file target-v7.txt (compact mmCIF, C-alpha atoms)
# COMPACT_ATOMS: atom_id res chain seq x y z
CA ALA A 2 -45.54 3.73 14.81
CA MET A 3 -42.28 5.58 13.92
CA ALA A 4 -39.98 5.48 10.86
CA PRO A 5 -36.25 4.80 10.76
CA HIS A 6 -34.09 7.51 12.34
CA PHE A 7 -30.39 7.68 13.30
CA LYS A 8 -30.32 8.36 17.07
CA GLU A 9 -26.53 8.53 16.69
CA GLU A 10 -25.04 9.14 13.23
CA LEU A 11 -21.98 7.84 11.42
CA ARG A 12 -18.70 9.13 12.76
CA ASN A 13 -15.99 9.87 10.16
CA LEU A 14 -12.59 8.50 11.20
CA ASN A 15 -8.81 8.38 10.98
CA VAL A 16 -6.93 5.19 11.77
CA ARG A 17 -3.28 4.16 11.95
CA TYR A 18 -2.24 2.05 8.89
CA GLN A 19 -3.44 -1.60 9.09
CA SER A 20 -5.28 -0.90 12.25
CA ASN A 21 -8.94 -1.89 12.51
CA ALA A 22 -11.57 0.63 11.63
CA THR A 23 -14.86 0.66 13.49
CA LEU A 24 -18.04 2.34 12.37
CA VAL A 25 -21.16 2.36 14.54
CA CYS A 26 -24.52 4.13 14.85
CA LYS A 27 -27.76 3.83 16.77
CA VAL A 28 -30.86 3.28 14.64
CA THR A 29 -34.39 3.84 15.79
CA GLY A 30 -37.90 3.25 14.49
CA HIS A 31 -40.90 0.91 14.41
CA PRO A 32 -40.95 -1.68 13.27
CA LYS A 33 -37.21 -2.21 13.83
CA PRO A 34 -35.42 -0.95 10.72
CA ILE A 35 -33.40 -3.21 8.46
CA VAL A 36 -29.83 -1.96 8.26
CA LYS A 37 -27.22 -2.53 5.57
CA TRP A 38 -23.63 -1.36 4.99
CA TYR A 39 -22.04 -0.10 1.77
CA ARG A 40 -18.53 0.65 0.56
CA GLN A 41 -18.49 3.15 -2.31
CA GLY A 42 -22.15 2.47 -2.77
CA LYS A 43 -21.79 -1.30 -3.16
CA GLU A 44 -23.50 -3.39 -0.43
CA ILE A 45 -21.05 -5.08 1.87
CA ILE A 46 -21.56 -8.80 2.49
CA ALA A 47 -19.58 -9.59 5.64
CA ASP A 48 -17.08 -12.38 5.31
CA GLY A 49 -16.13 -12.04 8.96
CA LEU A 50 -12.52 -11.67 7.84
CA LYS A 51 -11.98 -8.30 6.18
CA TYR A 52 -15.44 -7.10 7.18
CA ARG A 53 -17.62 -7.95 10.14
CA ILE A 54 -21.14 -6.58 10.59
CA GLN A 55 -22.77 -6.68 13.98
CA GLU A 56 -25.60 -5.16 15.96
CA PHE A 57 -26.31 -4.86 19.66
CA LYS A 58 -29.47 -4.69 21.82
CA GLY A 59 -30.68 -1.13 21.68
CA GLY A 60 -30.65 -0.64 17.92
CA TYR A 61 -26.87 -0.31 17.68
CA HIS A 62 -25.29 -1.28 14.35
CA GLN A 63 -21.63 -1.59 13.61
CA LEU A 64 -19.21 -2.26 10.79
CA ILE A 65 -15.60 -3.36 11.51
CA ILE A 66 -13.00 -3.27 8.72
CA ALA A 67 -9.92 -5.38 9.48
CA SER A 68 -6.37 -4.17 8.76
CA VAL A 69 -7.26 -0.90 7.10
CA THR A 70 -4.99 -0.21 4.16
CA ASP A 71 -5.25 2.41 1.45
CA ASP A 72 -7.84 0.38 -0.45
CA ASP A 73 -10.19 0.82 2.52
CA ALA A 74 -9.75 4.51 2.92
CA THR A 75 -12.87 5.51 1.05
CA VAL A 76 -16.52 6.21 1.64
CA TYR A 77 -18.92 4.00 3.55
CA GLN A 78 -22.70 4.31 3.67
CA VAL A 79 -25.18 2.92 6.18
CA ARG A 80 -28.88 2.58 5.43
CA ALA A 81 -31.88 1.69 7.57
CA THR A 82 -35.36 1.01 6.20
CA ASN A 83 -38.82 -0.15 7.38
CA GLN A 84 -42.29 -0.06 5.79
CA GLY A 85 -42.73 3.59 6.78
CA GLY A 86 -39.34 4.97 5.87
CA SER A 87 -35.69 4.81 4.91
CA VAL A 88 -32.79 6.97 6.11
CA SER A 89 -29.10 6.78 5.17
CA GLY A 90 -25.66 7.91 6.33
CA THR A 91 -22.02 8.10 5.24
CA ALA A 92 -18.55 8.04 6.74
CA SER A 93 -15.04 8.53 5.48
CA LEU A 94 -12.17 6.34 6.54
CA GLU A 95 -8.68 7.88 6.41
CA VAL A 96 -5.22 6.66 7.44
CA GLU A 97 -3.36 9.69 8.80
CA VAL A 98 -0.07 9.15 10.60
CA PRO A 99 2.56 11.86 11.01
CA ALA A 100 6.07 11.22 9.76
CA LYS A 101 8.49 9.82 12.34
CA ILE A 102 12.05 8.66 11.88
CA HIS A 103 13.19 5.65 13.89
CA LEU A 104 16.97 5.75 14.26
CA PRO A 105 18.54 2.45 15.30
CA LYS A 106 19.56 2.32 18.99
CA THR A 107 23.23 2.56 18.05
CA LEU A 108 22.47 5.97 16.59
CA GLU A 109 20.29 7.53 19.31
CA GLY A 110 23.06 8.50 21.69
CA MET A 111 24.93 11.63 20.56
CA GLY A 112 27.55 9.31 19.08
CA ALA A 113 29.01 9.60 15.58
CA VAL A 114 29.56 6.62 13.29
CA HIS A 115 33.22 5.98 12.60
CA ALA A 116 33.99 4.84 9.09
CA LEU A 117 37.35 3.46 8.03
CA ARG A 118 38.63 5.59 5.19
CA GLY A 119 37.97 3.80 1.92
CA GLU A 120 35.26 1.62 3.37
CA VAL A 121 31.86 1.61 1.73
CA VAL A 122 29.15 2.69 4.22
CA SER A 123 25.40 2.60 4.36
CA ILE A 124 23.53 4.56 6.97
CA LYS A 125 20.09 2.96 6.81
CA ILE A 126 17.30 4.70 8.62
CA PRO A 127 13.59 3.71 8.68
CA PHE A 128 10.59 5.98 9.07
CA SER A 129 6.86 5.79 9.61
CA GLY A 130 4.12 7.98 8.31
CA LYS A 131 1.02 7.84 6.18
CA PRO A 132 0.87 9.14 3.72
CA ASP A 133 4.46 7.94 3.18
CA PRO A 134 6.78 10.91 3.88
CA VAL A 135 8.95 12.77 1.48
CA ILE A 136 12.58 12.10 2.30
CA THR A 137 15.42 14.57 2.14
CA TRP A 138 19.15 14.30 2.98
CA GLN A 139 21.43 17.27 3.42
CA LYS A 140 25.01 17.60 4.67
CA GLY A 141 25.19 20.66 6.83
CA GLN A 142 23.03 23.08 4.87
CA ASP A 143 23.26 21.42 1.45
CA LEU A 144 20.60 19.25 -0.08
CA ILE A 145 22.41 16.10 -1.16
CA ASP A 146 21.58 14.67 -4.54
CA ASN A 147 21.81 11.20 -6.02
CA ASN A 148 25.01 10.93 -8.01
CA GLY A 149 28.43 9.40 -8.49
CA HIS A 150 29.47 10.41 -5.00
CA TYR A 151 26.41 9.73 -2.90
CA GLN A 152 23.81 7.04 -3.30
CA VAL A 153 20.45 7.79 -1.80
CA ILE A 154 17.80 5.20 -1.33
CA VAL A 155 14.29 6.20 -0.43
CA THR A 156 11.61 3.55 -0.27
CA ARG A 157 8.17 4.09 1.16
CA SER A 158 9.48 2.82 4.50
CA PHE A 159 13.19 3.44 4.97
CA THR A 160 15.94 5.60 3.49
CA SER A 161 19.68 5.00 3.24
CA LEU A 162 22.63 7.31 2.66
CA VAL A 163 25.28 5.28 0.93
CA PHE A 164 28.88 5.96 -0.08
CA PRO A 165 29.35 3.54 -3.06
CA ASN A 166 32.99 4.39 -3.59
CA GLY A 167 34.20 3.93 -0.05
CA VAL A 168 34.02 6.87 2.28
CA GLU A 169 36.52 9.71 1.97
CA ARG A 170 37.95 12.13 4.52
CA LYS A 171 35.85 14.97 3.13
CA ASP A 172 32.74 12.82 3.77
CA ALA A 173 33.09 13.33 7.51
CA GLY A 174 30.31 15.59 8.77
CA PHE A 175 26.76 16.10 9.95
CA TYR A 176 24.09 14.55 7.74
CA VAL A 177 20.51 15.59 8.36
CA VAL A 178 17.80 13.18 7.26
CA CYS A 179 14.32 14.73 7.13
CA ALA A 180 10.86 13.20 6.70
CA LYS A 181 7.60 15.04 6.04
CA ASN A 182 3.86 14.58 5.43
CA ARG A 183 0.83 16.84 5.99
CA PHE A 184 0.53 15.54 9.55
CA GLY A 185 4.06 15.99 10.85
CA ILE A 186 7.77 16.47 10.21
CA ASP A 187 10.69 14.61 11.78
CA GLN A 188 14.34 15.67 11.67
CA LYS A 189 17.45 13.65 12.67
CA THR A 190 21.19 14.37 12.47
CA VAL A 191 23.56 11.43 12.05
CA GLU A 192 27.23 12.31 12.48
CA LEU A 193 29.86 10.49 10.41
CA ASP A 194 33.53 10.48 11.25
CA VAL A 195 36.13 9.26 8.81
CA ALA A 196 39.73 8.37 9.58
CA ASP A 197 42.56 5.88 9.24
CA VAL A 198 44.14 3.29 11.49
CA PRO A 199 47.20 4.79 13.25
CA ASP A 200 50.69 4.66 11.71
CA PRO A 201 53.03 2.08 13.27
CA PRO A 202 54.53 3.07 16.59
CA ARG A 203 58.30 3.39 16.32
CA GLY A 204 61.65 2.88 18.03
CA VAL A 205 60.91 -0.13 20.23
CA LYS A 206 63.77 -0.17 22.77
CA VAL A 207 64.54 -3.01 25.19
CA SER A 208 66.03 -2.35 28.63
CA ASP A 209 66.01 -3.16 32.35
CA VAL A 210 66.55 -6.78 31.23
CA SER A 211 66.33 -9.68 33.66
CA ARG A 212 65.77 -13.42 34.00
CA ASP A 213 62.04 -13.36 33.19
CA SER A 214 61.07 -9.71 32.64
CA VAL A 215 62.09 -6.85 30.33
CA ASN A 216 61.11 -3.23 29.92
CA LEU A 217 59.94 -1.79 26.60
CA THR A 218 59.61 1.79 25.37
CA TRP A 219 58.79 3.30 21.97
CA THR A 220 57.39 6.51 20.50
CA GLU A 221 54.04 7.54 18.93
CA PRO A 222 53.66 7.10 15.13
CA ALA A 223 53.82 9.93 12.61
CA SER A 224 50.07 10.30 12.91
CA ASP A 225 47.20 8.38 14.48
CA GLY A 226 45.49 8.28 11.08
CA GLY A 227 42.74 10.65 12.16
CA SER A 228 41.31 9.39 15.45
CA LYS A 229 43.33 9.75 18.65
CA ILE A 230 45.35 6.67 19.68
CA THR A 231 43.73 4.86 22.55
CA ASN A 232 46.13 2.06 23.50
CA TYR A 233 49.20 0.18 22.29
CA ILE A 234 49.24 -3.59 21.99
CA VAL A 235 52.47 -5.40 22.84
CA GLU A 236 53.63 -8.55 21.07
CA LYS A 237 56.65 -10.79 21.73
CA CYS A 238 58.38 -13.35 19.55
CA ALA A 239 60.97 -16.00 20.40
CA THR A 240 63.65 -15.55 17.69
CA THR A 241 64.01 -19.30 17.91
CA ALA A 242 60.60 -19.67 16.27
CA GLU A 243 58.74 -17.16 14.08
CA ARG A 244 55.37 -16.66 15.80
CA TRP A 245 54.31 -13.42 17.53
CA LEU A 246 52.06 -13.36 20.58
CA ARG A 247 49.92 -10.74 22.34
CA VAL A 248 51.47 -9.99 25.67
CA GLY A 249 49.61 -6.98 26.95
CA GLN A 250 48.34 -3.48 26.32
CA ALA A 251 49.34 -0.11 27.70
CA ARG A 252 48.21 3.49 27.35
CA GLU A 253 51.76 4.73 27.77
CA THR A 254 54.52 4.49 25.18
CA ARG A 255 56.13 2.00 27.59
CA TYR A 256 55.47 -1.46 29.00
CA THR A 257 56.99 -4.22 31.17
CA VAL A 258 56.88 -7.70 29.64
CA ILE A 259 57.01 -10.65 31.97
CA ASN A 260 56.72 -14.40 32.21
CA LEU A 261 59.69 -14.54 29.87
CA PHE A 262 61.77 -17.70 29.89
CA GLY A 263 65.28 -16.57 30.66
CA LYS A 264 68.49 -17.26 28.78
CA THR A 265 66.34 -16.90 25.63
CA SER A 266 66.48 -14.79 22.48
CA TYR A 267 63.38 -12.59 22.12
CA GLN A 268 62.03 -9.74 19.99
CA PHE A 269 59.22 -7.29 20.65
CA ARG A 270 57.00 -5.21 18.38
CA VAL A 271 54.29 -2.73 19.25
CA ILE A 272 50.93 -1.99 17.66
CA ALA A 273 49.17 1.35 17.79
CA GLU A 274 45.38 1.46 17.99
CA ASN A 275 42.54 3.97 17.82
CA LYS A 276 38.73 3.76 17.56
CA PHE A 277 39.15 2.92 13.85
CA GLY A 278 41.38 -0.13 14.28
CA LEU A 279 44.94 -1.45 14.60
CA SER A 280 48.00 -0.13 12.77
CA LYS A 281 50.61 -2.32 11.09
CA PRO A 282 53.19 -3.63 13.55
CA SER A 283 56.29 -1.53 14.34
CA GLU A 284 59.80 -2.59 13.36
CA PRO A 285 60.71 -5.33 15.86
CA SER A 286 63.14 -4.45 18.63
CA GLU A 287 66.73 -5.69 18.50
CA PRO A 288 66.91 -9.29 19.63
CA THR A 289 67.98 -9.62 23.23
CA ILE A 290 68.62 -12.43 25.69
CA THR A 291 67.06 -13.13 29.05
CA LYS A 292 69.27 -13.74 32.11
CA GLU A 293 69.91 -16.62 34.60

call {"tool": "encode", "arguments": {"input": "target-v7.txt", "output": "structure tokens"}}
result
Amino acid sequence: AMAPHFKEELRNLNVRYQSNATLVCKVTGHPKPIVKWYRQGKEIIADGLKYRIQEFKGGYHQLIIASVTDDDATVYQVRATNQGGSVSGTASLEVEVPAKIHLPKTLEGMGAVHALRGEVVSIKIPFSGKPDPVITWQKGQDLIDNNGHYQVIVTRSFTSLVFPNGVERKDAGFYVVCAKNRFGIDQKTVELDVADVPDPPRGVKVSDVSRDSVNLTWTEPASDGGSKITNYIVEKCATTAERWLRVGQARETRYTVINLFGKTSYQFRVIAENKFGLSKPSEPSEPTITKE
């Protein structure tokens, strides 16, 4: 009786990159129309791998495209025909994902990255987005350009701010990495702090001596190298044999050493430490002898 007619047309569609696209329609007519799929006008012959063509009771016809990449984001045509007629349709596949930056967990908390002055550093940060986002790095309110100072790397999937010549004090600051595409924009601010290991603590003085204990005291270094000092490490050495050992740690510029041998010649040095690392050891205290 009737000719081929699309009871439900071809729906255009946007998919996430490498996702599976699905095109379906409901065809009607008598006798049952013969349906065929086309990509850019060329008939598709399903391999069941990249393409899969199915139909379901009720005149439903569907095309599934596996792992949709750019090569698949084009036009598709569907055609139905029977002795009395022949109708056709088209659909456009598009991959459209807004730009999004994915900072590493270590960088999500409001915490800066502490770089040891002189140390080369690479702040690598990946992004998503299709089309692949334009990347842009600026320090404060200054677009940063690729040069002898900075090294910028921008691939279609991740970008990295590098300091080829070892970071400098001036480098400390707020870097803003930005990604954009027609479907979205994503900003992120990575803070970078640059400093030195503290200077050696000084003036290690021995006192309150005893048979197995001793009391130490010293003073803060010239500077902490940038970052505040967080703790001092104490080390002891038996003059009898050159070999220093960790004995403890204290926040104060003073500490009580114990488990000493007694009637023994000892020396004590102190190390200053901040978030950036440990300073060189202080001048060792004057040798002293334990009691009893």

call {"tool": "residues_near_point", "arguments": {"input": "target-v7.txt", "point": "(-21.1, -9.4, 11.9)", "cutoff": "12 Å", "atoms": "only C-alpha atoms", "output": "ChimeraX atom specification"}}
result
/A:23,37-38,45-57,62-66

call {"tool": "residues_near_point", "arguments": {"input": "target-v7.txt", "point": "(50.0, -3.0, 23.9)", "cutoff": "10 Å", "atoms": "all atoms listed in the file", "output": "number ranges by chain"}}
result
A: 232-236, 247-256, 270-274

call {"tool": "residues_around", "arguments": {"input": "target-v7.txt", "residues": "residue 112 in chain A", "least_positions_apart": "4", "cutoff": "12 Å", "atoms": "all atoms listed in the file", "output": "PyMOL selection string"}}
result
chain A and resi 105-108+175+190-194

call {"tool": "closest_residue", "arguments": {"input": "target-v7.txt", "among": "A:18, A:176, A:128, A:159", "to": "residue 114 in chain A", "atoms": "all atoms listed in the file"}}
result
A:176

call {"tool": "closest_atom_pairs", "arguments": {"input": "target-v7.txt", "of": "range 77-155 of chain A", "to": "range 195-206 of chain A", "cutoff": "7 Å", "atoms": "all atoms listed in the file", "output": "CSV"}}
result
residue,atom,partner,partner_atom,distance
A:115,CA,A:195,CA,5.8
A:116,CA,A:195,CA,4.9
A:117,CA,A:196,CA,5.7
A:118,CA,A:196,CA,5.3

call {"tool": "closest_residue", "arguments": {"input": "target-v7.txt", "among": "A:144, A:35, A:96, A:177", "to": "residue 14 in chain A", "atoms": "all atoms listed in the file"}}
result
A:96

call {"tool": "closest_residue", "arguments": {"input": "target-v7.txt", "among": "A:13, A:228, A:84, A:139", "to": "residue 188 in chain A", "atoms": "all atoms listed in the file"}}
result
A:139

call {"tool": "atom_distance", "arguments": {"input": "target-v7.txt", "atom1": "CA of residue 94 in chain A", "atom2": "CA of residue 183 in chain A"}}
result
16.7 Å

call {"tool": "residues_around", "arguments": {"input": "target-v7.txt", "residues": "residue 102 in chain A", "least_positions_apart": "5", "cutoff": "10 Å", "atoms": "all atoms listed in the file", "output": "PyMOL selection string"}}
result
chain A and resi 126-130+134+158-160+178-181+186-189

call {"tool": "closest_residue", "arguments": {"input": "target-v7.txt", "among": "A:292, A:11, A:81, A:61", "to": "residue 31 in chain A", "atoms": "all atoms listed in the file"}}
result
A:81

call {"tool": "atom_distance", "arguments": {"input": "target-v7.txt", "atom1": "CA of residue 286 in chain A", "atom2": "CA of residue 242 in chain A"}}
result
15.6 Å

call {"tool": "atom_distance", "arguments": {"input": "target-v7.txt", "atom1": "CA of residue 33 in chain A", "atom2": "CA of residue 86 in chain A"}}
result
10.9 Å

call {"tool": "residues_around", "arguments": {"input": "target-v7.txt", "residues": "residue 152 in chain A", "least_positions_apart": "3", "cutoff": "7 Å", "atoms": "all atoms listed in the file", "output": "JSON, numbers by chain"}}
result
{"A": [147, 148, 162, 163, 164, 165]}

call {"tool": "closest_residue", "arguments": {"input": "target-v7.txt", "among": "A:121, A:16, A:92, A:25", "to": "residue 70 in chain A", "atoms": "only C-alpha atoms"}}
result
A:16

call {"tool": "residues_around", "arguments": {"input": "target-v7.txt", "residues": "residue 8 in chain A", "least_positions_apart": "4", "cutoff": "12 Å", "atoms": "all atoms listed in the file", "output": "PyMOL selection string"}}
result
chain A and resi 4+25-30+59-62+81+88+90

call {"tool": "build_atoms", "arguments": {"input": "target-v7.txt", "residues": "range 241-255 of chain A", "atoms": "N, CA, C and O atoms", "output": "mmCIF file, keeping the file's coordinate frame"}}
result
data_model
loop_
_atom_site.group_PDB
_atom_site.id
_atom_site.type_symbol
_atom_site.label_atom_id
_atom_site.label_comp_id
_atom_site.auth_asym_id
_atom_site.auth_seq_id
_atom_site.Cartn_x
_atom_site.Cartn_y
_atom_site.Cartn_z
ATOM 1 N N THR A 241 63.832 -17.894 18.169
ATOM 2 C CA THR A 241 64.010 -19.300 17.910
ATOM 3 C C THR A 241 62.927 -19.800 16.961
ATOM 4 O O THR A 241 63.188 -20.641 16.110
ATOM 5 N N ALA A 242 61.717 -19.272 17.111
ATOM 6 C CA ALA A 242 60.600 -19.670 16.270
ATOM 7 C C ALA A 242 59.720 -18.486 15.879
ATOM 8 O O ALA A 242 59.198 -17.783 16.743
ATOM 9 N N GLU A 243 59.556 -18.269 14.575
ATOM 10 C CA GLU A 243 58.740 -17.160 14.080
ATOM 11 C C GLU A 243 57.256 -17.362 14.368
ATOM 12 O O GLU A 243 56.586 -18.155 13.711
ATOM 13 N N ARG A 244 56.764 -16.619 15.357
ATOM 14 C CA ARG A 244 55.370 -16.660 15.800
ATOM 15 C C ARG A 244 55.213 -15.602 16.892
ATOM 16 O O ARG A 244 55.725 -15.768 18.000
ATOM 17 N N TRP A 245 54.524 -14.506 16.573
ATOM 18 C CA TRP A 245 54.310 -13.420 17.530
ATOM 19 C C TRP A 245 53.101 -13.653 18.428
ATOM 20 O O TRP A 245 52.114 -14.239 18.003
ATOM 21 N N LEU A 246 53.167 -13.176 19.664
ATOM 22 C CA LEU A 246 52.060 -13.360 20.580
ATOM 23 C C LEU A 246 51.674 -12.074 21.334
ATOM 24 O O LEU A 246 52.527 -11.239 21.645
ATOM 25 N N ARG A 247 50.380 -11.909 21.613
ATOM 26 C CA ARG A 247 49.920 -10.740 22.340
ATOM 27 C C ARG A 247 50.453 -10.913 23.735
ATOM 28 O O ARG A 247 50.420 -12.009 24.272
ATOM 29 N N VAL A 248 50.952 -9.851 24.332
ATOM 30 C CA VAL A 248 51.470 -9.990 25.670
ATOM 31 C C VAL A 248 50.759 -9.047 26.628
ATOM 32 O O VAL A 248 50.652 -9.318 27.827
ATOM 33 N N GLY A 249 50.280 -7.929 26.099
ATOM 34 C CA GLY A 249 49.610 -6.980 26.950
ATOM 35 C C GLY A 249 49.256 -5.722 26.187
ATOM 36 O O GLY A 249 49.442 -5.643 24.967
ATOM 37 N N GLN A 250 48.745 -4.738 26.916
ATOM 38 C CA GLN A 250 48.340 -3.480 26.320
ATOM 39 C C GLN A 250 48.675 -2.400 27.307
ATOM 40 O O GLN A 250 48.616 -2.641 28.513
ATOM 41 N N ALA A 251 49.027 -1.219 26.809
ATOM 42 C CA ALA A 251 49.340 -0.110 27.700
ATOM 43 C C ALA A 251 48.901 1.174 27.043
ATOM 44 O O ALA A 251 48.811 1.245 25.801
ATOM 45 N N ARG A 252 48.614 2.184 27.865
ATOM 46 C CA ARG A 252 48.210 3.490 27.350
ATOM 47 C C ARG A 252 49.485 4.255 27.055
ATOM 48 O O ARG A 252 49.582 4.985 26.069
ATOM 49 N N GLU A 253 50.475 4.067 27.916
ATOM 50 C CA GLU A 253 51.760 4.730 27.770
ATOM 51 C C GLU A 253 52.638 4.137 26.674
ATOM 52 O O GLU A 253 52.459 2.993 26.262
ATOM 53 N N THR A 254 53.589 4.934 26.207
ATOM 54 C CA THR A 254 54.520 4.490 25.180
ATOM 55 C C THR A 254 55.576 3.581 25.815
ATOM 56 O O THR A 254 56.712 3.515 25.340
ATOM 57 N N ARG A 255 55.206 2.880 26.883
ATOM 58 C CA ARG A 255 56.130 2.000 27.590
ATOM 59 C C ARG A 255 55.412 0.848 28.286
ATOM 60 O O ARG A 255 54.292 1.002 28.763
#
